[PDB]
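Heads up: the protein sequence lines correspond to chains A, B and C, in order.
Residue numbering for the first sequence is 294 to 329, 530 to 677, 689 to 727, as defined by UniProt numbering.
Residue numbering for the second sequence is 921 to 940, 944 to 1147, as defined by UniProt numbering.
Residue numbering for the third sequence is 728 to 811, 813 to 827, 849 to 941, 944 to 1065, as defined by UniProt numbering.
C-beta atoms are modelled at their ideal positions from N, C-alpha and C, and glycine is treated no differently.
Everything below concerns the one structure shown next.
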Amino acid sequence: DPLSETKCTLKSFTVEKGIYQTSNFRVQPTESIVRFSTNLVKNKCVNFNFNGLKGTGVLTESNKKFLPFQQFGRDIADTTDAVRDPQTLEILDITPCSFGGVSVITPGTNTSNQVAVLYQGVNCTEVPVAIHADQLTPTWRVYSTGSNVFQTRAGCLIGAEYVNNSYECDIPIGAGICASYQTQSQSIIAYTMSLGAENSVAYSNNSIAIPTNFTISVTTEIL
Amino acid sequence: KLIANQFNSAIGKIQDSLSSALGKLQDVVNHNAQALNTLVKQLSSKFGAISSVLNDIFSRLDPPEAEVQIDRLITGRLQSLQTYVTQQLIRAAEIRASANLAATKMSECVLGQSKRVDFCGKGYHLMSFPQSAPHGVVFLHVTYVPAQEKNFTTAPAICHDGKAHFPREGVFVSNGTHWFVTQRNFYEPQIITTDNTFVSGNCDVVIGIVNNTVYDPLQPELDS
Amino acid sequence: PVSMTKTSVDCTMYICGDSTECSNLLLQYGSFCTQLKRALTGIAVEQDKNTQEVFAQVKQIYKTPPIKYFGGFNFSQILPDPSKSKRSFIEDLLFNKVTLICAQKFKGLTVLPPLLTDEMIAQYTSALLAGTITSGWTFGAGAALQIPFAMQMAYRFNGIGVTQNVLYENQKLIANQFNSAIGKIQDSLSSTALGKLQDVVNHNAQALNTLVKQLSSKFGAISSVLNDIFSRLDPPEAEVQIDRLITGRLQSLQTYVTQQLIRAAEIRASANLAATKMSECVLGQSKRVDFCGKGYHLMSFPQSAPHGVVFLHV
Ligand SMILES: *[C@@H]1O[C@H](CO)[C@@H](O)[C@H](O)[C@H]1NC(C)=O
Ligand SMILES: *[C@@H]1O[C@H](CO)[C@@H](O)[C@H](O)[C@H]1NC(C)=O
Ligand SMILES: *[C@@H]1O[C@H](CO)[C@@H](O)[C@H](O)[C@H]1NC(C)=O
Ligand SMILES: *[C@@H]1O[C@H](CO)[C@@H](O)[C@H](O)[C@H]1NC(C)=O
Ligand SMILES: *[C@@H]1O[C@H](CO)[C@@H](O)[C@H](O)[C@H]1NC(C)=O
Ligand SMILES: *[C@@H]1O[C@H](CO)[C@@H](O)[C@H](O)[C@H]1NC(C)=O
Ligand SMILES: *[C@@H]1O[C@H](CO)[C@@H](O)[C@H](O)[C@H]1NC(C)=O
């Protein structure tokens, strides 16, 4: 459960209200390919030895083209970004095994075990393609695709129903999107958060507002 | 009596708030406890050696081989303890900045009145009361928040005897037909008076100037 | 400057990539990674609070009247327009003056978006500006008390010690001088100043780029590539050469998180200063010398900026 994954990340079963960035606890099998022979598998996270380039990554077709001498492509961090295997001189882009950061918006664990999952920086159409939902548990398949799937600039939020109504921010997700445990059957809702009440000051050329009373108010400031 | 009753009701409201907010102090205590607990937990790390504890590495391996393994543990433990000292220095700088802010609020707000907006509460600041707190201070900012605003028709100046009259400290308002001078923060309408308003210039230079009679206190005393 | 780019790192991706053996050894390092996540999450929450303390100083969003005549003073260069992200012209110049991320995303360094987007920060700016123009300092102390803007500028003149007749005899001169000064501010922005915000963005991009370049380092191990040394070394010995690699990359990650904590403390101090200037100078007049411009401070306008706020001190 992303909630149990949150319990694994926080090292505690009592999870407070808020958003928690969880580690990728879920594991996946990687096949071993050696080509200098092994049949090439593309569009999935496999281990590779393309002319002694080592590495592990999802193999995809690459628009970028190599000069005839070049046998591989290198990235900024001196990791391999493109390869050109000797058996077939085609270019293969090295995507990493695609994981977005899983952030679990959750109310109090005591308040509810219901949770919403935000996948950061990926699109909602490609979210079962990205996190490889076909190899995981069906509990994760509930949170990878289904109903209540919303798109935020922050990423794909799955498990929170977007409401047009605007409320004070409770769990900050990002770009104005906030989530809260509200009655709508109490469930997790998501909304664009409210700045405040809209007010219009009645300015004129000869109009002033003067108070006829007051309020002696004591406020608490803790430092 | 209204100010005393509103102050007592506000003190009761502060009591009902606290009795039911102190997130910064508990956050500081929780960060210190979490840093000490993380420093305790980091002793379970083997740091690439065969074991986390010193004694089985001295009993198992011969002295030349241990001096590499225990050096790997010592360097890592020094790193964890350098990370802790660095994060304590950064949080101590943050607490030092907050204590400098609290000392400037205790000088400017408790020891005198402040004309700095929102430096001593939301509203017109009157005074503040300091209270002790666990590793902190709590200021009760007594503020004057003005209320019951009422619309009035206003003017910048008054034409009287071909002269422009401006208020010394206040504002011209009108209830319908009648024009008065009053203060700004509270509504106390007074008769527009030469003692209240000072004369400057002519009526042609002021934009939005209106006509009214400025009462002179010397004129009824001359008839008496 | 008010905020800083919120960055979060995944240790399993930055120090190991997709190697399973490396991740198991990284697990041996243990709470070392949890501590570096807590620091970055606290930095991100701190940068969201710093934006909320600077810009959300008003409880009610104020709107400008549909006819805009405030004592002859022109505010159309600083008030937002309904044609556009509803930002003003001087805010559009400020967002246009301050300006590879996929490679950082492929190395586990992701950039969280801010909680308040730039349209919402611009609405906060427009609300504080509408309160400043229509009500003066009265919306800061309590409810918004309307006032003519000439009489508000007379209250500011009495605040700086100048008698009220100086404005009412020279209102056209003061309005024309204000409009000419706002035109100079426009020309000083469009023709040519925003060095602090670009320095903040360049420092976060350079620290992120230095963290990307730290992967190309062998740190004394035979090879930077984790898989290469697994095949070119015996399994007990390879653990010594990855441990040397995980120790070096964790030292680089500590260096990045330490410098980001120091920079976040500096940005937090600057945001506390900006929030202090927004209460004292925008929501009231200031008798503090050179805290709101060089001169007898009259008034101030807030204007959104990329990770920052620009005060127009009149
Ligand atoms: C996300 O998917 C939708 C629907 O296919 C598409 O219109 C949109 O452009 C996609 N966005 C990105 C960033 O790929
Ligand atoms: C001011 O408010 C108090 C209660 O807050 C009320 O008792 C009092 O009558 C009010 N005064 C005026 C003049 O309205
Ligand atoms: C003042 O006038 C405005 C516009 O006519 C109105 O909305 C408001 O209720 C009036 N009263 C007060 C106390 O502001
Ligand atoms: C205005 O105030 C004066 C003095 O208090 C009073 O005589 C008058 O009836 C009030 N109302 C109007 C509409 O002038
Ligand atoms: C005020 O009185 C003068 C002289 O009686 C007159 O010229 C002027 O027009 C009056 N002002 C207004 C606004 O009627
Ligand atoms: C009165 O108000 C409107 C809008 O505030 C403005 O267009 C008009 O010119 C003003 N008249 C004067 C000069 O007082
Ligand atoms: C304010 O300035 C702009 C451009 O300088 C101009 O288009 C606009 O008409 C001015 N406003 C008024 C009320 O003249």
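Residue environment, residue i, which counts as buried when at least 16 other CB atoms sit within 10 Å
i, result
"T827/C", "exposed"
"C301/A", "exposed"
"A924/C", "buried"
"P809/C", "exposed"
"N751/C", "exposed"
"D985/C", "exposed"
"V991/B", "exposed"
"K547/A", "buried"
"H1048/B", "buried"
"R577/A", "buried"
CB contact check: residue i to chain A, cutoff 8 Å
i, result
"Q1005/C", "no"
"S735/C", "yes"
Separation of residue j from residue i, as counted between CA atoms
i, j, result
"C851/C", "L560/A", "23 Å"
"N532/A", "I997/C", "33 Å"
"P665/A", "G311/A", "8 Å"
"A1080/B", "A1087/B", "6 Å"
"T1077/B", "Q895/C", "11 Å"
"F543/A", "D979/C", "12 Å"
"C749/C", "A989/C", "11 Å"
"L922/C", "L916/C", "9 Å"
"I326/A", "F541/A", "5 Å"
"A871/C", "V1033/C", "15 Å"
"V911/C", "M902/C", "11 Å"
"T1066/B", "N717/A", "14 Å"
"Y1007/B", "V705/A", "53 Å"
"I882/C", "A930/C", "17 Å"
Enclosing alpha helix (DSSP H) for residue i [first to last residue]
i, result
"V1060/C", "No alpha helix (DSSP H) holds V1060/C; the beta strand (DSSP E) holding it covers 1059-1064."
"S875/C", "867-884"
"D979/C", "977-982"
"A1026/C", "986-1028"
"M740/C", "738-741"
"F565/A", "Not the alpha helix (DSSP H): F565/A falls in the beta strand (DSSP E), residues 565-567."
C-beta neighbour in chain B for residue i, strict 8 Å
i, result
"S704/A", "no"
"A701/A", "no"
"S305/A", "no"
"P897/C", "yes"
"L1012/C", "yes"
"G971/C", "no"
"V722/A", "yes"
"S711/A", "yes"
is_contact[residue i, chain C] using C-beta, thresh 8 Å
i, result
"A1020/B", "yes"
"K547/A", "yes"
"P621/A", "no"
"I726/A", "no"
"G669/A", "yes"
"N717/A", "no"
"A1025/B", "no"
"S982/B", "no"
"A944/B", "no"
"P665/A", "yes"
"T1117/B", "no"
For residue j and residue i, believed in contact at Cβ under 8 Å, the rounded distance
i, j, result
"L962/C", "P1057/C", "Wrong, their Cβ atoms sit about 22 Å apart, outside the cutoff."
"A958/B", "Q1010/B", "6 Å"
"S975/C", "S967/C", "6 Å"
"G648/A", "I692/A", "Not a contact, Cβ separation roughly 16 Å."
"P807/C", "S875/C", "5 Å"
"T573/A", "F565/A", "6 Å"
Residue i - containing beta strand (DSSP E), residue span
i, result
"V1122/B", "1120-1122"
"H1088/B", "1086-1090"
"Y660/A", "No beta strand (DSSP E) holds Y660/A; DSSP gives it neither H nor E."
"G648/A", "648-651"
"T599/A", "595-599"
"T747/C", "Looking at the DSSP string, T747/C is not in any beta strand (DSSP E); the run it does join, the alpha helix (DSSP H), is 747-756."
"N1098/B", "1094-1098"
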